[PDB]
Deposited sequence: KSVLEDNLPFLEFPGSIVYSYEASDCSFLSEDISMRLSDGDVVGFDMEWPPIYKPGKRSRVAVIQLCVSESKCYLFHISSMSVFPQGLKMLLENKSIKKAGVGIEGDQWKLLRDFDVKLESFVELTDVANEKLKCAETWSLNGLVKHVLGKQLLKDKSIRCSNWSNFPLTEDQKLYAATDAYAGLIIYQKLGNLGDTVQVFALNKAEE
């Protein structure tokens, strides 16, 4: 039985473009070249495809932002700047796929992403095909709630439920903690 990893800080939920741009600029102002944030995204699972509904940025153990873009009529300009900011790193798992998706859906270019599975394969010197949960178990010795119920819930629904918020925040948080873990190994 492995302990369950959960974001323990404050979750800042933003579903309006202006509010989101303001918070994003605030993040940009508090960070500098070399800094990193935990990053992740969610979206609901005939002919039409589902677009990114939520973007998570965990700047620290005490604060994680959830940007409900599916509820925004215009993509947050401040969020766009932050994401395209090469000075700030975004750590995650399967994050190149996130970048691709962001470009396709909103023509937003995620800059300076850090694929944690590659960092792990090179540091831990192992050739493994990972899942975020699997990486948390091996690196953090913890577990992640991953039942379809929440993982595959309708992320475009407003508002996000308390379970959705904690799950989305925890996925970004896991990225930040794994990044710190691997980046400071000795």
Which bits of the deposited sequence have no atoms placed for their C-alpha? 1 to 6, 52 to 54, 196 to 208
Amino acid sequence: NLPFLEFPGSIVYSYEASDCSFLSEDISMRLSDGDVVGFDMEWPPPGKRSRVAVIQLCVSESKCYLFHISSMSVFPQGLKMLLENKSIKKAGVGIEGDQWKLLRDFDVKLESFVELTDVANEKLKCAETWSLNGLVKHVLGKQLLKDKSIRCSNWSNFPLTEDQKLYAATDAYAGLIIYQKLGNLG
From here on, numbers count along this sequence of modelled residues.
Comparing average C-alpha B factors as deposited, tell me which of 171 to 179 and 20 to 28 sits higher. 20 to 28
For the stretches 79 to 87 and 103 to 111, which has the higher mean C-alpha B-factor as given in the deposited record? 103 to 111
Looking at the C-alpha B-factor values in the deposited entry, which of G38, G134, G141, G34 comes out highest? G141
Tell me, please, which of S62, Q56, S149, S156 has the highest C-alpha B factor according to the deposited entry? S149
Taking the C-alpha B-factors as the PDB entry records them, is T117 in the lowest, middle or highest third of its chain? middle
Temperature factor at the Cα of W43, chain-ranked in thirds, falls in the middle
Can you tell me whether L66 has a C-alpha B-factor in the lowest, middle or highest third compared with the other modelled residues of the same chain? lowest
